[PDB]
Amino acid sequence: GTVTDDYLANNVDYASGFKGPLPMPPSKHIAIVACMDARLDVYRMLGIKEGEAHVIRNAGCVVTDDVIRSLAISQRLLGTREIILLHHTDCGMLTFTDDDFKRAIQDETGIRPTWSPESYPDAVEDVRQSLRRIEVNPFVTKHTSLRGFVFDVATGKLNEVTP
């Protein structure tokens, strides 16, 4: 038995009382960009119900070309019009640099990744930087609200940041 097995076990209970199917587009027309950090249950964090929001999470909550891609699809095909960015404190990107990280994998693997680790030092500065990354971007344009916050992994609180 692995943890994949346990989660599949857990799925049997969830499926017992699943009610659906709900309609495809987000019923509150909002999309969240979050981090993949294990301490962040993005749904309970904002009281999201099923069928309501799009949630997008990667390492560091970095607005990547996959995040733009996702977002662009989200607005243009499933009619989202709000955006919430969510970095957080004690995030796992203020501990390594890109040069360090790639050299690491280079030693083992023999090659460098083409992609960019996208680490950053200060989380708050990067909520700013990530907001900007969406401002300038020409494909995520259909939104009437774009605000980015910082999740306090010690307290559960959202602290907005000004661009």
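Residues carry their position along the shown sequence, with the first being 1.
Trainee: Which wins on mean Cα temperature factor, 137-145 or 12-20?
Mentor: Comparing averages over the C-alpha atoms only gives 12-20.
Trainee: What stretch has the higher average Cα B-factor here, 87-95 or 72-80?
Mentor: Mean B over CA atoms: larger for 87-95.
Trainee: Among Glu125, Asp65, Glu52, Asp41, where is the Cα B factor highest in this entry?
Mentor: Highest C-alpha B-factor among the listed residues goes to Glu125.
Trainee: In this PDB entry, which of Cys61, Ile30, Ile48, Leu131 has the top CA B-factor?
Mentor: When the deposited C-alpha B-factors of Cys61, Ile30, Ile48, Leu131 are compared, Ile48 is largest.
Trainee: Please place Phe101 in the lowest, middle or highest third of its chain by C-alpha B factor as given in the entry.
Mentor: It falls in the middle third of the chain.
Trainee: Lowest, middle or highest third: which one holds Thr4 when the chain's residues are ordered by CA B-factor from the entry?
Mentor: As the PDB entry reports it, the C-alpha B-factor of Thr4 lands in the lowest third of its chain.
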